[PDB]
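> experimental structure and sequence below.
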Amino acid sequence: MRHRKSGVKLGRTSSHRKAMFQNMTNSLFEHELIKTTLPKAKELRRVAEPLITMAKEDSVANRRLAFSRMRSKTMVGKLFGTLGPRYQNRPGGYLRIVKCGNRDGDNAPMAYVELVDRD
Amino acid sequence: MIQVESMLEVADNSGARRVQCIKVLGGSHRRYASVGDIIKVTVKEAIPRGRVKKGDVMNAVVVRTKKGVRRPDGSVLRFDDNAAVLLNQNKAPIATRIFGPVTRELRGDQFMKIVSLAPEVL
Amino acid sequence: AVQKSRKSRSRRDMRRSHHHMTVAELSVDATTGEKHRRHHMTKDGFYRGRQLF
Amino acid sequence: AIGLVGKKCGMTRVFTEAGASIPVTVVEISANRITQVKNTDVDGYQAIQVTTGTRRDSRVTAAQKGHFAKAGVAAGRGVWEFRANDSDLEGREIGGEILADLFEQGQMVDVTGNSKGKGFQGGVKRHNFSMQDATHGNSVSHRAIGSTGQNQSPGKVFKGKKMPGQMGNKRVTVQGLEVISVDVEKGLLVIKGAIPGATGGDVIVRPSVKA
Amino acid sequence: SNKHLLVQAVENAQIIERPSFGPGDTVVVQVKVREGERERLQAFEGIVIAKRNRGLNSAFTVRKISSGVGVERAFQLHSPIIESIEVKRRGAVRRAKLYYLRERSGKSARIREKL
RNA sequence: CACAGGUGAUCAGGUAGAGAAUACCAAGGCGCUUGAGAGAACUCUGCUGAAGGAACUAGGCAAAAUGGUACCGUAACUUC
RNA sequence: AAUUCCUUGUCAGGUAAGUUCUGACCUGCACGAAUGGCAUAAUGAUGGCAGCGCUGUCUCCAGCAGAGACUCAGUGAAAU
RNA sequence: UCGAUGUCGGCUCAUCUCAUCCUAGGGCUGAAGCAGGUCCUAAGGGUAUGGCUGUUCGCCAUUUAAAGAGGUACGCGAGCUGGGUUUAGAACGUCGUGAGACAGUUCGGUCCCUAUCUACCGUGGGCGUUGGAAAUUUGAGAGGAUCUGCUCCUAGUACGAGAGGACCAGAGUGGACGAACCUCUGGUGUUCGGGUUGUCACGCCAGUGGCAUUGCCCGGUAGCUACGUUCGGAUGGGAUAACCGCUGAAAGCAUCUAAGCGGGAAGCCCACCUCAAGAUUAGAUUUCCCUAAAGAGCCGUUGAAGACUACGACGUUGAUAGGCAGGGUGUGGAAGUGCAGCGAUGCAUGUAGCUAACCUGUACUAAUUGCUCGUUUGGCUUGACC
């Protein structure tokens, strides 16, 4: 059973999925629009939106938490310089997922993850 | 929870120091004996020239367990060892001194002297 | 592990009967007026009158 | 023998003045609106039909909407029925209310519910089959069912054989459960025991037949 | 909080005031004891190895050594058995759960005083 | 067979380390030619497990356990 | 007794309980001296028995992690 | 049956018989009572753990109400094991000149198959049920369950020379089994929080991250879970088994039987729990709709529901999921700074920082009134009403 359990497995180890979602969060914060698998997109919110929520307030400790959970200094700078200020007064829901058909190679359902507000 | 082939310390002055459970009494397929339950034990190590000798088969009552005993309020009361008290062929204590504390589950009629001889009753 | 007598063609077709191809639902975006799968964005990229790009 | 429909809110404990733990479950009791009274003449048997909770109009069909409007009650999240006799149909007319004061403190009740579904489960769990040896040469039969029949005679598996199946998510009735407390104003009933099902599910509370 | 609001309403009445205390500090607890027709209070003094806070269901475990063998009891904070609790001595522990003390017997078991 | 097998010699970086063991890295090279989901029984490989501790079993099979350096100390027997 | 059929021979030890194990007796079905006799320190992935520690072997199984099983898309056997 | 029907034992899983081991009801007794012995009725449930030995068996120890006798390919290896027997090696005793042999012994010695059909355990699709649909349901019938100890009281009474010690009634509390459940006690908790070893890296200090079984270690949220909690096995109805009768003739008597009327068991049928109209005999009730209607489905957000299904909830007339807000829980004192200390390190800012799945709210994000299926009053005969 998985009663009330959350999270994903996605056929990966714990460290592997953590690293993959860190990579996806960085790429999403960089390009503001990324094409990905639909489960991956739905799980990406749970790890990306909280970083924006924390970046709403700029401080050394908050920036160090962001760097601990992202491991890209350029992109921590971007998150605390543009996404935080842009998203200061928005209560959540910082990503919109737009389903975009099925993948050619394996027929995996696909979606577009777009940062709200001109991504 | 005491079952067959469980080592118990001896909590009285009967001369035995360690006993082994060979039968949990009071049921066709009874598994475990808690505090206040009667068991059959073999004496595995006794003091020299004591009342009881090594290898003797006799009765005992469990007086404290590491698993613990539950109370009506939902609390649990545990001990650091499993200890029982040796008994007669009529299931009466054969002890003049009780070592270590016991619980109030021994309250009744056949273990009242164990309760009264224990240094402390929880 | 194996058959004792070869399965018949009718019996084989009876199992196949349930297998069926899925047909995707179709909707037309008002702004762009193009066929697209239900709850899935258009080829062009116009979804519910919004610009993805 | 008429009962009531409630919602399981979860388990808690009640302390007695003597210092005794009473594990209880709290069932939310919205007023049960009588939607139909069944009788021997029209139906051939006697029963009370009730509705509880709330349902939005978009989810209430025209047939159910008319059925509710006949009684004059607001649509609930389901329609339930209780077998009743002449004594129990005494004062219960269509459109009436059944509250938690149907049950008084200290009496025995039977609670029916939909038990938590474990999905498709093996013999070891569902039927309490003994596990085979983990070691000593065991290959692929640690949790295997084992033998299911004898030989050519009979040469068939007998009906009712215990085998891996879906476990849970079935109607389960528990009897001889006391009622600790009743609150009409808050519409909540507190019942001793496990009260089968999960929290948030619908539970049927009836008087105990054994009494 | 974790429980439903209807359950919380019932729990609030059961809640009873009691001195707050921390982990790892020596405490004396008064426990009601029934000897038949008479009532008595028994004093249990020990270091608190472990504590769990669950609102009404809060429980703390007290460990004391009697006649060379330790005794552990998981007392219930809000139960009516516990007439009173007082803190004889206050100690500082790095971790809430002191499950290493069970192995410790004498000089090691002691906990440093907190000022 | 674009096969988890076999195939002699030669070169032998850094930090720990007795070490060509083991761990993480350098130069260099790779992610091993089906993927995406779900997270049922059951199978395989592993982790943890209250109390008991061989009661298992043909049998302590398997697992568990011990594990280094320095010092102290070490029995019967002995071909010393 | 790697040798004993009767046989689980008898006695003693070990266990609460020992067709196995140890010591002894000799009634050796059917030992016996280079197809070597009896012993023997050391050695042995050797046979048997008994202990400490240790534990999911077990009482009695529970939870968790990964690879399959299951669903979708591509490729596509087998014995019979 | 030799163009192959796998042996003994063990494990797992069972099913049936009664020539009944316990429980249940009786007759007789060399039945005073307690305990028994024999036989009759009764198969509803229950009917142990270990030492030895490959054992079935058997002996022994300790229990139990009891540790029943049997059939099922001496049930069960396309379910597991492989200790014995029954290959190939080696050795002892014995036999044979020898190769070799021994229901003599001893050490060692590859157990394959992805399930087509029947059967069984679950779960769906199709159509049917005299128009269609949304719900609620009656029950022909089927399955589950059926166990029992001990203590007290009656009463140390009846009985008995003593010893001992009740039937019938009543109360309590256990053992085994089963169901549900996670409030309590625990286990687990590889997207929680900390401590720490080696190494690499983030330009460096600091602070962090990768790998080394989750690197190791200490705790722990929800969920699941037992060893934890709650509950159940009914003391009721009907007809009976053995047995005991009332009245009563055949047979002036006697006689439970031939007519008639009774008592009587854990057994039979109900009662309890679950399923149940594919019960083609397809039932019943309340509503809704009929020139694509009422509804169903697809699709989307999804659930203590689930392999896929199905089921449950919701889709802007919204709290369905995620995020977010406030809490709760867990860990235990974040970073920065300052102070003390030569330093490791300690202290204050401050129970701080972080916190999965938990609780309550909140449309910020995603759930598009889009498409498909489904109609147009439901044949005929008879009868009552009209």
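That came through fine. Numbers count the residues shown, from 1 in each chain, chains lettered A, B, ... in the order given.
> return the distance of the helix or strand hosting residue A:66 from the chain's centre.
For residue A:66, the host element (DSSP states H and E) is helix A:60-70. When C-alpha coordinates are averaged (Cα atoms, centre = their mean, to the nearest Å), helix A:60-70 and its chain have centres 15 Å apart.
> quick one: the helices in chain E, in order.
Applying DSSP state H to chain E gives helices spanning E:5-14.
> can you check chain B too?
Secondary structure of chain B (DSSP H): helices at B:112-117.
> what residue lies at the spatial centre of it?
Centroid-nearest residue in chain B, with Cα atoms, centre = their mean: residue B:84, separated by 1.8 Å.
> ok, chain E next?
The C-alpha lying nearest the average C-alpha coordinate of chain E belongs to residue E:60 (Cα atoms, centre = their mean; 3.7 Å).
> circling back to that earlier point, quick one: contacts for the spatially closest residue to the residue nearest to the centre of chain B that is not a sequence neighbour?
Among residues not flanking residue B:84 along the chain, residue B:60 sits closest, at 4.1 Å (Cβ to Cβ, 6 or more residues apart in numbering or on different chains). All C-beta spots, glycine's among them, are computed from the backbone N, C-alpha and C. Taking Cβ atoms under 8 Å, 6 or more residues apart in numbering or on different chains, we find residue B:60 in contact with B:8, B:19, B:38-41, B:84-87.
> and for residue C:24?
C:37-38 are the contacts of residue C:24 under Cβ under 8 Å, 6+ apart.
> okay, and it sits in which element?
Using DSSP H and E, no helix or strand contains residue C:24.
> quick check: the closest residue to chain D within chain A vs chain C, distance?
Residue nearest to chain D within chain A (Cβ to the nearest Cβ): residue A:1, separated by 6.2 Å. Residue A:1 sits 29 Å away from chain C, going by Cβ to the nearest Cβ, to the nearest Å.
> wait, that residue sits on residue D:121?
No. Contact criterion Cβ atoms under 8 Å: residue A:1 and residue D:121 do not qualify, at 9.5 Å.
> between those two, who's got more neighbours?
Shown here are residue A:1 and residue D:121; by other Cβ atoms under 10 Å in any protein chain shown, residue D:121 has more neighbours (16 against 10).
> tell me the contacts of that one?
Contacts of residue D:121 were listed using Cβ under 8 Å, 6+ apart, and they are D:164-167.
> can you narrow those residues down to the ones near RNA strand F?
For RNA strand F, the contacts drawn from the contacts of residue D:121 by Cβ under 7 Å from any atom of the strand are residue D:164.
> restricted to buried residues, select the contacts of residue D:121 in ChimeraX.
The buried subset of the contacts of residue D:121, as determined by 16 or more other Cβ atoms under 10 Å in any protein chain shown, is captured in ChimeraX by this line:
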select /D:164,167
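> want to throw the contacts of residue D:121 into JSON lines with distance to residue A:50 and secondary structure?
JSON lines is the format used below for these (distance: Cβ to Cβ, whole Å; DSSP: H, G, I helix; E, B strand; the rest coil):
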{"residue": "D:164", "distance to residue A:50": "42", "secondary structure": "coil"}
{"residue": "D:165", "distance to residue A:50": "42", "secondary structure": "strand"}
{"residue": "D:166", "distance to residue A:50": "38", "secondary structure": "strand"}
{"residue": "D:167", "distance to residue A:50": "38", "secondary structure": "strand"}
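> excluding sequence neighbours, find me the nearest residue to residue E:3.
Distances taken as Cβ to Cβ, 6+ apart put residue D:10 closest to residue E:3, at 5.9 Å, once the chain neighbours are dropped.
> helix, strand or coil for that neighbour?
Three-state assignment for residue D:10 (DSSP: H, G, I helix; E, B strand; the rest coil): strand.
> need the contact list for the residue of chain B positioned farthest from its centre.
Within chain B, the residue lying farthest from the chain centre (Cα atoms, centre = their mean) is residue B:73, at 24.5 Å. By Cβ under 8 Å, 6+ apart, residue B:73 lies in contact with D:15, D:19-21, E:76, E:79, E:81.
> tell me if stretch D:140-150 is near chain C.
No. Under the criterion of Cβ under 8 Å from any Cβ of the partner chain, chain C is not reached by stretch D:140-150; the shortest gap measures 15.6 Å.
> what's that stretch in contact with?
By Cβ under 8 Å, 6+ apart, the list of residues contacting stretch D:140-150 from outside reads D:122-124, D:129, D:131-134, D:155-158, D:161, D:163-164.
> picking that back up, relative to residue E:57, how far out is the residue nearest to residue B:84?
Distance, residue B:60 to residue E:57, using Cβ to Cβ, to the nearest Å: 37 Å.
> and for residue C:44?
Separation of residue C:44 from residue E:57 (Cβ to Cβ): 59 Å.
> helix or strand: which one has the residue of chain A found nearest RNA strand G?
Going by Cβ to the nearest atom of the strand, RNA strand G is nearest to residue A:107 of chain A, at 3.6 Å. Counting by DSSP H and E, no helix or strand carries residue A:107.
> state the number of residues packed around it.
Other residues lying near residue A:107 total 9 when counted by other Cβ under 10 Å.
> ranges for the strands of chain C?
For chain C, the strands defined by DSSP state E occupy C:26-28, C:35-37, C:46-47, C:50-51.
> got a list of what the residue nearest to the centre of chain E touches?
By Cβ under 8 Å, 6+ apart, the neighbours of residue E:60 are E:48, E:50-52, E:74-75, E:77.
> farthest pair within those?
Spanning the widest gap among the contacts of residue E:60 are E:50 and E:77, at 12.7 Å by Cβ to Cβ.
> now residue A:115: how far from RNA strand F?
Going from residue A:115 to RNA strand F by Cβ to the nearest atom of the strand, to the nearest Å gives 21 Å.
> try residue A:109
In terms of Cβ to the nearest atom of the strand, residue A:109 sits 6 Å off from RNA strand F.
> next, count neighbours for the closest residue to that residue other than its chain neighbours.
In this structure, residue A:109 finds its nearest non-sequential neighbour in residue A:38, 4.4 Å apart by Cβ to Cβ, 6+ apart. For residue A:38, the count of nearby residues is 16 (other Cβ under 10 Å).
> need phi/psi at residue A:38.
Dihedral pair for residue A:38: phi -60, psi -50, per degrees, to the nearest 10.
> list the contacts for it?
Counting by Cβ under 8 Å, 6+ apart, residue A:38 has contacts A:97, A:99, A:108-111.
> narrow those residues to those in strands?
If you go by DSSP E, these have A:97, A:99, A:109-111 in strands.
> can you count the residues close to the one residue in chain A that gets nearest to chain E?
Here chain A gets closest to chain E at one residue, residue A:4, 12.6 Å apart by Cβ to the nearest Cβ. Residue A:4: 6 surrounding residues under other Cβ under 10 Å.
> neighbour-wise, which of residue C:44 and residue E:57 wins?
Using other Cβ under 10 Å as the criterion, residue C:44 and residue E:57 rank with residue E:57 on top: 17 against 14.
> before we move on, the earlier item: go back to the contacts of stretch D:140-150 and keep what's next to RNA strand G.
Okay, of those touching RNA strand G (Cβ under 7 Å from any atom of the strand), that's D:124, D:131-134.
> and these, which is closest to RNA strand F?
Nearest to RNA strand F among those: residue D:124, at 4.5 Å, using Cβ to the nearest atom of the strand.
> run through the ones next to RNA strand G among the contacts of stretch D:140-150 and flag the ones next to RNA strand H.
Of those, the ones that also sit near RNA strand H (Cβ under 7 Å from any atom of the strand) are D:132-133.
> tell me the two of the ones next to RNA strand G among the contacts of stretch D:140-150 that are most distant?
Farthest pair in those (Cβ to Cβ) is D:124 and D:133. Separation: 13.5 Å.
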